[PDB]
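To keep things clear, I will list the structure first and then write my remarks on it.
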Amino acid sequence: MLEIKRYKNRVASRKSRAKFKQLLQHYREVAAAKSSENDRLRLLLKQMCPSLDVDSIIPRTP
Amino acid sequence: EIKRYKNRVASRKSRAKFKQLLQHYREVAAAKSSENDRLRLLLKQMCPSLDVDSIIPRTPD
DNA sequence: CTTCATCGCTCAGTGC
DNA sequence: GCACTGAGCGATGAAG
């Protein structure tokens with residue numbers, strides 16, 4: 001039939017759906033890494049310059 | 001006859017929900033990364049004499 | 001005249 | 001009895 005057109009197209013759909021899914025996971029990991037670094041940074045700065053409205057000059061992101 | 005239409009609707013909903021999630025997390029990633037940059041910045045201006053890349057290494061991105 | 005990336009419809013399972 | 005989703009199949013819209 002069009003066996004080869006179909007194998008190619010099936011490979012392509014599996015590629016692109018995997019692409020979006022891993023990109024979503026990737027963001028979730030970047031968010032994770034970031035929020036953790038963020039708390040470390042924020043607490044260290046609150047420690048060091050305790051006369052600064054840190055959580056106001058850089059409000060937390062959700 | 002009907003399972004067909006209702007299934008079409010749910011498949012629309014699935015593609016959308018997941019695009020919404022990809023967007024939401026796409027955004028949270030940028031928000032936290034900019035916040036990370038400004039915190040390193042402000043710590044480097046308030047505690048300049050101090051090494052933040054060995055207390056709190058950057059995670060690439 | 002390829003070659004590829006998305007995505008919409010459908011079907012078959014998969015968890016309410 | 002049902003909503004959700006992984007996946008195949010054709011469009012469709014580029015890219016060369």
Side-chain angles (χ1 to χ4, degrees), chain A residues 4-50 52-62, chain B residues 3-48 51-61:
Chain A
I4 191 55
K5 183 42 162 178
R6 291 193 201 179
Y7 180 90
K8 227 171 297 193
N9 203 27
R10 143 179 4 135
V11 165
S13 270
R14 299 233 266 190
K15 179 163 177 187
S16 132
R17 294 170 167 157
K19 167 175 189 165
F20 275 6
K21 281 230 187 285
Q22 249 166 41
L23 202 79
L24 183 46
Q25 278 317 128
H26 169 234
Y27 292 159
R28 260 151 158 196
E29 197 37 74
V30 161
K34 283 292 180 284
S35 174
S36 174
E37 295 165 40
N38 278 352
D39 293 12
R40 307 198 183 254
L41 296 168
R42 180 174 307 265
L43 262 76
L44 175 80
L45 197 32
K46 276 183 56 166
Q47 140 147 40
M48 296 299 266
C49 316
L52 194 58
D53 225 338
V54 168
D55 298 11
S56 296
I57 180 71
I58 324 163
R60 276 183 193 159
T61 52
Chain B
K3 166 88 191 163
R4 193 156 292 170
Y5 177 77
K6 305 203 273 69
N7 203 283
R8 194 186 315 175
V9 182
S11 187
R12 296 152 191 251
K13 210 191 136 169
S14 230
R15 292 186 295 272
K17 154 189 195 168
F18 165 93
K19 281 186 150 296
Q20 222 163 316
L21 257 69
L22 180 63
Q23 292 290 4
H24 175 86
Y25 288 98
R26 172 175 273 124
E27 284 162 41
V28 160
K32 301 224 180 231
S33 320
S34 63
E35 175 183 339
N36 190 284
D37 308 329
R38 318 142 57 91
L39 295 153
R40 280 178 199 283
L41 181 69
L42 192 81
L43 194 40
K44 146 181 308 198
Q45 304 157 322
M46 298 289 299
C47 314
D51 192 355
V52 177
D53 270 282
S54 327
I55 309 187
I56 313 174
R58 290 181 196 182
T59 285
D61 197 2

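In what follows, every heavy atom counts, from backbone to side chain, and hydrogens, waters and symmetry copies are set aside. Quick note on labels: first sequence line is chain A, next is B, and so on, each numbered from 1.
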(request) Answer whether the closest heavy-atom distance between the side chains of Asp61(B) and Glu29(A) falls below 4.5 Å. (result) no
(message) With heavy-atom distances below 4.5 Å as the criterion, would you say the side chains of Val28(B) and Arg28(A) are in contact?
(response) no
(message) Under a 4.5 Å cutoff for heavy-atom pairs, which residue among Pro60(B), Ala30(B), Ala31(B) has the most contacts with chain A?
(response) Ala31(B)
(request) Using a cut-off of under 4.5 Å on heavy-atom pairs, state which of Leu42(B), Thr59(B), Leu21(B) scores highest against chain A. (result)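 Highest number of heavy-atom pairs under 4.5 Å: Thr59(B).
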(request) For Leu43(A), look at atom CG and say whether over 12 heavy atoms of other residues, nucleotides or ligands are found less than 6.0 Å away. (result)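 Atom CG in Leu43(A) is crowded, with more than 12 foreign heavy atoms closer than 6.0 Å.
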(request) Test side chain to side chain contact (heavy atoms under 4.5 Å, CB included) on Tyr27(A) and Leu22(B) and set out the steps. (result) CA-CA 8 Å; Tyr27(A) 292 159; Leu22(B) 180 63; 3.6 Å; yes
(message) Need one label for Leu39(B): side chain, backbone, both or neither, based on atoms under 4.5 Å from any heavy atom in chain A.
(response)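 Both backbone and side chain.
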(request) Taking only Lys NZ, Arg NE, NH1 and NH2, and the carboxylate oxygens of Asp or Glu, determine whether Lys32(B) and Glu37(A) approach each other closer than 4.0 Å. (result)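 Salt bridge flag = no for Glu37(A) with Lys32(B).
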